[PDB]
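Undergrad: the data below comprise the sequence and an experimental structure of the protein.
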Amino acid sequence: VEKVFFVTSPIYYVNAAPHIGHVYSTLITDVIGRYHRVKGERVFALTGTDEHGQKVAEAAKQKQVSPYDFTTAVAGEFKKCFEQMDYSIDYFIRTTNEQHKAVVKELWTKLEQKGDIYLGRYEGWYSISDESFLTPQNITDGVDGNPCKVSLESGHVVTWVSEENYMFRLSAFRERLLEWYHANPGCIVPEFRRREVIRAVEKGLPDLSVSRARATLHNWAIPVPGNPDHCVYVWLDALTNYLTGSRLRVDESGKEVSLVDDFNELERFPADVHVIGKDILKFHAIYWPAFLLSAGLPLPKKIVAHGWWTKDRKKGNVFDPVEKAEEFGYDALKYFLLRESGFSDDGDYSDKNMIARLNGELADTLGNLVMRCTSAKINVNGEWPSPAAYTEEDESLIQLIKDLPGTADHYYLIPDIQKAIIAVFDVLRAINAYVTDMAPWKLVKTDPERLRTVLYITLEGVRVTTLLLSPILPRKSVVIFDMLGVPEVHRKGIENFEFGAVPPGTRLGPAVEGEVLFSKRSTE
Ligand code: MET
């Protein structure tokens, strides 16, 4: 059924400035979003900041500033960061928003009315930096430089907690979560993280503390309805951002104008894809579903958990994203982060490797190809020629180009953006090979009729590969299409995934004396 494609990033704690990693998480959200928009679908990509809680309040206290002023200042830093990265996110949500607060209270009330929240105690370990309850099996010894306990997850300092808290009956949802994981084998990606979650829930689930004593949080939280002494767990608050996002009417400015009663009215909920980091799996794959199940809400379709940490600066080389983007280009940096990093994440992010892939792939494979097929030397009429008869070699390359969109489509749907990039560049490599074999520079004179067929296939290969690379290189793809002189209408739509969609006779865009699409960086 047609609904709005809803893709989300996590909302980041605002205890410290934005850094790489927030950027990576949001980039993944932005690319998935962008790709569905080139497919012609309706999209709503969501991002933002997690502003309540003990972690954030104690960061604000440690800088001698009011939480109100602090959450706002850092929230601003994130927005500026994401503006300057040239994303295309539809809305930036803050948990301090008053409509957000309303949704949390509605969601809470439903959980309670369902008979799934009881007054209890939590006596156990807690990681303030992760806002995470941990069992004794998940802690160990470590340093402050004093002897203390630390979380096995993150290595952050853990503390004992003994509070009367409101408890959520998570243990009641073990069997339904297990049905869900199995009946929908694609709900968690990558597959090995799906197996991790299933093992965790198979071992058993305790109930979860969903409130905290107000003293503990420095009164920087959403109050529990019907009990001002308590505050809603920062994570239940935080996870509710997705439901709140799905219910906000937003204007062209990006300001929210209205909170609708029923999520169905905007056709966004539930999320089609939640992009998260490996460090926040349990909240999304265990807790969030259980809350949704309790309240009677539809579950998300997919949670993709990438190989990075969502939130530790220390981690993995020192790497400012805006500084790099000015050093290497924004599109190029995004390409590199997406190409280099898989799910297990064994990535080499050195300037050596960054230069290798820029020079090698972007310049020599893609850049090269675009200049060859638009050169006054080769393309003397500066147009899309009409092709003659196709040789078997021609047809071998045409087939690859024809098959590319189906293959790239599947990868983006996984989603595995790395694999989709590899698939497109595999075709780009083939096109270069074809072009070397055919030596069109010689054909201009030898055989003009042959050059037409070869030039046409090259142009159409370059077009289609660029369409599929457009969620990754949004600014450069526009330049490419301008050089090829592709009409705007043909720059999106599944219709334009088809080989031959730009007709012969189309005129190439005008050249400039100085322009180069990707400039090779100093050899070091
Ligand atoms: C609902 S996603 C919340 C993520 C968490 N606040 C973090 O920054 O890691």
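TA: Everything's here; your move. Residues are numbered from 1 along each chain as shown.
Undergrad: ok, which stretches of the stretch 101-250 of the chain are helices?
TA: 174-183, 191-203, 234-239, 241-246 (DSSP state H, counting those that start in this stretch).
Undergrad: does the third one reach the ligand?
TA: Same thing as helix 234-239. Yes: counting by C-beta under 6 Å from any ligand atom, the ligand has neighbours in helix 234-239: 238-239. Where you see a C-beta, it was placed from the backbone N, CA and C, and this is true even at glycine.
Undergrad: okay, that helix in PDB with CA atoms only?
TA: What follows is helix 234-239, C-alpha atoms only, in PDB (Å, rounded to 0.1, in the frame of the first residue of the first chain):
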ATOM      1  CA  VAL A 234      15.100   9.300  28.700                       C
ATOM      2  CA  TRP A 235      15.000   6.400  26.300                       C
ATOM      3  CA  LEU A 236      11.300   5.900  26.200                       C
ATOM      4  CA  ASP A 237      11.100   9.700  25.800                       C
ATOM      5  CA  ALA A 238      13.900   9.500  23.100                       C
ATOM      6  CA  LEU A 239      12.300   6.600  21.200                       C
END
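Undergrad: list the buried residues of it.
TA: The neighbour-count criterion (16 or more other C-beta atoms under 10 Å) identifies 234-239 as the buried residues of helix 234-239.
Undergrad: likewise stretch 7-23?
TA: 7-15, 18-23.
Undergrad: excluding chain neighbours, what is closest to the closest residue to the ligand within the stretch 51-200 of the chain?
TA: Residue of the stretch 51-200 of the chain nearest the ligand, by C-beta to the nearest ligand atom: residue 131 (7.1 Å). Excluding its sequence neighbours, the residue lying closest to residue 131 (C-beta to C-beta, 6 or more residues apart in numbering) is residue 234, at 5.0 Å.
Undergrad: same question for residue 225.
TA: residue 105 is the one closest to residue 225 (C-beta to C-beta, 6+ apart), at 5.1 Å.
Undergrad: ok, residue 33 - contacts?
TA: Neighbouring residues of residue 33 by C-beta atoms under 8 Å, 6 or more residues apart in numbering: 5, 7, 43, 45, 88-90.
Undergrad: just the C-alphas of stretch 41-56, formatted as PDB.
TA: C-alpha atoms of stretch 41-56 as PDB (Å, rounded to 0.1, in the frame of the first residue of the first chain):
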ATOM      1  CA  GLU A  41       8.300   8.000  -3.800                       C
ATOM      2  CA  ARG A  42       7.000  10.300  -1.100                       C
ATOM      3  CA  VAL A  43       9.600  10.600   1.600                       C
ATOM      4  CA  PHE A  44      10.000  11.900   5.200                       C
ATOM      5  CA  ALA A  45      13.400  11.700   6.600                       C
ATOM      6  CA  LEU A  46      13.800  12.600  10.300                       C
ATOM      7  CA  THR A  47      16.700  13.500  12.500                       C
ATOM      8  CA  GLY A  48      17.400  15.600  15.600                       C
ATOM      9  CA  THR A  49      18.600  15.700  19.200                       C
ATOM     10  CA  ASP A  50      18.000  13.900  22.600                       C
ATOM     11  CA  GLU A  51      17.900  16.700  25.100                       C
ATOM     12  CA  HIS A  52      16.500  15.500  28.400                       C
ATOM     13  CA  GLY A  53      18.100  13.200  31.000                       C
ATOM     14  CA  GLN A  54      20.900  12.900  33.600                       C
ATOM     15  CA  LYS A  55      23.700  12.600  31.100                       C
ATOM     16  CA  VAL A  56      22.800  15.900  29.300                       C
END
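Undergrad: which residues of the chain lie near the ligand?
TA: Counting by C-beta under 6 Å from any ligand atom, the residues of the chain that sit close to the ligand are 10-13, 50, 238-239, 241, 280, 310-311.
Undergrad: cutoff 5 Å now
TA: 10-13, 50, 238-239, 310-311 (C-beta under 5 Å from any ligand atom).
Undergrad: isn't the residue nearest to residue 225 right next to residue 222, touching?
TA: Yes: counting by C-beta atoms under 8 Å, residue 222 is a contact partner of residue 105 at 7.2 Å.
Undergrad: ok, these two, which is more surrounded?
TA: More crowded of residue 105 and residue 222, by other C-beta atoms under 10 Å: residue 222, with 24 against 16.
Undergrad: please report phi then psi for that one.
TA: Per-residue torsions, residue 222: phi -90, psi 130 (degrees, to the nearest 10).
Undergrad: wait, it touches residue 101, no?
TA: Yes: between residue 222 and residue 101 there is a contact under C-beta under 8 Å: 5.4 Å.
Undergrad: pick out the residue in the stretch 151-300 of the chain sitting closest to the ligand.
TA: Closest point on the stretch 151-300 of the chain to the ligand, by C-beta to the nearest ligand atom, is residue 238, at 4.0 Å.
Undergrad: which ones are touching that residue?
TA: Counted by C-beta under 8 Å, 6+ apart, residue 238 has contacts 11, 50, 52, 95, 283.
Undergrad: hmm, try it at 10 Å
TA: By C-beta atoms under 10 Å, 6 or more residues apart in numbering, the contact set of residue 238 is 10-13, 48-53, 95, 100, 104, 131, 232, 280, 283, 288.
Undergrad: and what of residue 160?
TA: Contacts of residue 160 by C-beta under 10 Å, 6+ apart are 123-126, 149.
Undergrad: now those as a markdown table including neighbour count?
TA: Formatted as a markdown table, those follow (neighbours: other C-beta atoms under 10 Å):
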| residue | neighbour count |
| --- | --- |
| 123 | 10 |
| 124 | 16 |
| 125 | 18 |
| 126 | 21 |
| 149 | 16 |
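Undergrad: show me which pair in the residues you listed is furthest apart.
TA: Largest separation among the contacts of residue 160 by C-beta to C-beta: 123 and 149, giving 14.9 Å.
Undergrad: residue 313: what secondary structure?
TA: Judged by DSSP: H, G, I helix; E, B strand; the rest coil, the three-state class of residue 313 is coil.
Undergrad: so where do the strands sit in the stretch 251-400 of the chain?
TA: Per DSSP state E, counting those that start in this stretch, the stretch 251-400 of the chain carries strands over the ranges 256-259, 273-277, 303-306.
Undergrad: could I get the ones you listed as TSV with mean neighbour count?
TA: Output for those, formatted as TSV (neighbours: other C-beta under 10 Å):
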stretch	mean neighbour count
strand 256-259	14
strand 273-277	25
strand 303-306	24
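Undergrad: break this protein into its domains for me.
TA: 1-115+235-349, 116-234, 350-524 (curated CATH domains).
Undergrad: would you confirm that residue 456 contacts residue 389?
TA: No: taking contacts as C-beta atoms under 10 Å, residue 456 lies outside contact range of residue 389: 11.8 Å.
Undergrad: who's more crowded, these two?
TA: For residue 456 versus residue 389, the count of surrounding residues by other C-beta under 10 Å is larger for residue 456: 21 against 8.
Undergrad: show me what contacts the residue of the chain positioned farthest from its centre?
TA: What lies farthest from the middle of the chain is residue 446; by C-alpha atoms, centre = their mean that is 49.7 Å. Going by C-beta under 10 Å, 6+ apart, residue 446 touches 439-440.
Undergrad: quick one on the thing from earlier: just the contacts of residue 160 now: which is nearest residue 472?
TA: residue 126 (39.8 Å).
Undergrad: next one: that closest one from residue 156, what distance?
TA: Computed as C-beta to C-beta, to the nearest Å, the residue 126 to residue 156 distance reads 11 Å.
Undergrad: which neighbours do those two share?
TA: residue 132.
Undergrad: which residue packs closest to residue 407, ignoring adjacent ones?
TA: Residue 407 sits nearest to residue 423 (C-beta to C-beta, 6+ apart), 5.1 Å away.
Undergrad: the one you found is in contact with residue 468, isn't it?
TA: Yes: using C-beta under 10 Å, residue 423 makes contact with residue 468 at a distance of 8.3 Å.
Undergrad: mutual contacts of those two, please.
TA: 404-405, 407-409, 411-412.
Undergrad: and which of those is nearest to residue 115?
TA: Once C-beta to C-beta is applied, the member of these that ends up nearest residue 115 is residue 412, at 41.6 Å.
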